[PDB]
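Comments concern the structure below.
There are 2 protein chains.
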Amino acid sequence: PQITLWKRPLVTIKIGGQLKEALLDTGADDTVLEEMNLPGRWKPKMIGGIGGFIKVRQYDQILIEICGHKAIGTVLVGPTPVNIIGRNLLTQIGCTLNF
Amino acid sequence: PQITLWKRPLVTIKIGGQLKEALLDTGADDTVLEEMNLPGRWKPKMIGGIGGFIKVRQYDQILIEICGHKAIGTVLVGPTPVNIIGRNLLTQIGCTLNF
Ligand SMILES: Cc1ccc(N)c(N)c1
Ligand SMILES: Cc1ccc(N)c(N)c1
Numbered sequence: 009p010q011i012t013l014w015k016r017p018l019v020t021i022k023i024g025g026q027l028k029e030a031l032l033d034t035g036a037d038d039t040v041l042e043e044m045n046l047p048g049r050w051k052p053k054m055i056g057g058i059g060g061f062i063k064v065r066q067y068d069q070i071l072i073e074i075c076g077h078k079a080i081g082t083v084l085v086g087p088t089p090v091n092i093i094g095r096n097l098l099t100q101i102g103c104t105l106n107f
Numbered sequence: 009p010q011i012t013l014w015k016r017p018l019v020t021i022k023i024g025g026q027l028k029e030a031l032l033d034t035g036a037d038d039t040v041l042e043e044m045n046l047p048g049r050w051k052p053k054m055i056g057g058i059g060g061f062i063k064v065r066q067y068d069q070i071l072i073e074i075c076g077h078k079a080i081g082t083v084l085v086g087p088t089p090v091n092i093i094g095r096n097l098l099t100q101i102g103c104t105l106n107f
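Keeping their order, the protein sequence lines are chains D and Z.
Each residue of the first sequence is one higher than the last, beginning at 9 in the UniProt record's numbering.
Each residue of the second sequence is one higher than the last, beginning at 9 in the UniProt record's numbering.
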């Protein structure tokens with residue numbers, strides 16, 4: 009689709025059997041989701057932004073559907089206040105910025 | 009232009025006579041720039057993100073060129089580590105996400 013920016017670009021995602029909403033975030037290197045259990049093996053990670061840095065759990069080769077577009081890759085889970093879809097997954101679904 | 013997301017979407021901006029680079033950030037409600045002097049009247053503001061909240065100075069009706077596209081509006085200045093072009097200005101230059 010083509011998404012405009014008058015509101016926050018929150019779209020529907022599906023991950024580990026659950027439906028969520030997530031922000032398509034061209035300013036996020038990585039994908040970061042609110043707390044949730046996800047399969048198996050993780051390795052710690054730190055991410056920073058405005059205000060500071062948080063500890064997250066990194067999970068590799070995770071399947072995630074983003075508005076009907078399936079992608080497999082790295083998902084981080086931790087104390088973010090919004091689910092964020094970062095460039096790691098945006099590249100996979102073919103996402104571009106246009107103006 | 010059409011920008012892909014393999015790298016961070018850092019583009020050239022011009023503000024208050026200076027050339028800078030800034031991230032086109034669909035995850036930022038607001039525009040936020042590293043420390044710099046700018047004309048006249050400001051009113052305090054707080055912004056949050058990952059890790060916490062920072063204090064910024066809000067400036068209204070500021071002219072800013074974003075890759076050749078001129079926009080006037082609110083610019084915040086404060087201790088951000090990257091210059092961020094948020095949705096307030098992205099809407100003005102006609103910026104959309106497409107996939
Ligand atoms: C369900 C699942 C969990 C972790 C990994 N690493 C993979 N590939 C798949
Ligand atoms: C140069 C300049 C500074 C502040 C404001 N508010 C405006 N409009 C213009």
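Idealized CB from N, CA, C, for every residue including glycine.
Can you confirm whether residue i, when its beta carbon is compared against all beta carbons of chain Z, has any partner nearer than 8 angstroms?
i: residue 17(D); result: yes
i: residue 65(D); result: no
i: residue 50(D); result: no
i: residue 91(D); result: no
i: residue 99(D); result: yes
i: residue 46(D); result: no
i: residue 80(D); result: no
Determine the closest residue to residue i out of the options, with distance taken between C-alpha atoms.
i: residue 82(D); options: 26(D), 74(D), 19(D) and 70(D); result: 70(D)
i: residue 42(D); options: 106(D), 58(D), 93(D) and 97(D); result: 93(D)
i: residue 89(Z); options: 10(Z), 29(Z) and 23(Z); result: 29(Z)
i: residue 50(Z); options: 58(Z), 10(Z) and 86(Z); result: 86(Z)
i: residue 12(Z); options: 32(Z), 65(Z) and 48(Z); result: 32(Z)
i: residue 66(D); options: 36(D), 25(D), 27(D) and 46(D); result: 46(D)
i: residue 64(D); options: 53(D), 44(D) and 34(D); result: 53(D)
i: residue 57(D); options: 37(D), 48(D) and 16(D); result: 37(D)
Are the C-beta of residue i and some C-beta of chain D separated by less than 8 angstroms?
i: residue 72(Z); result: no
i: residue 34(Z); result: yes
i: residue 12(Z); result: yes
i: residue 105(Z); result: yes
i: residue 88(Z); result: yes
i: residue 20(Z); result: no
i: residue 25(Z); result: no
i: residue 76(Z); result: no
i: residue 41(Z); result: no
i: residue 84(Z); result: no
Got a sec? Which residues, its chain only, sit under 7 angstroms from residue i by beta carbon, not counting five neighbours each side?
i: residue 97(Z); result: 39, 72, 74, 79 and 81
i: residue 100(D); result: 79 and 81
Taking 8 angstroms as the limit between beta carbons, can you name the residues of its chain near residue i, skipping five residues before and five after?
i: residue 102(Z); result: 77
i: residue 91(Z); result: 21, 28, 29, 30, 31, 40, 41 and 42
Enumerate in chain order the residues of its own chain whose CB-to-CB distance from residue i is below 6 angstroms, with the five nearest sequence positions on each side excluded.
i: residue 23(Z); result: 72
>> As a quick check of your reading: which residues have a C-beta less than 5 angstroms from at least one non-hydrogen atom of ligand 2, in chain order?
In response: Every residue passing the under-5 angstroms Cβ criterion appears here: 47(Z), 48(Z), 68(Z) and 69(Z).
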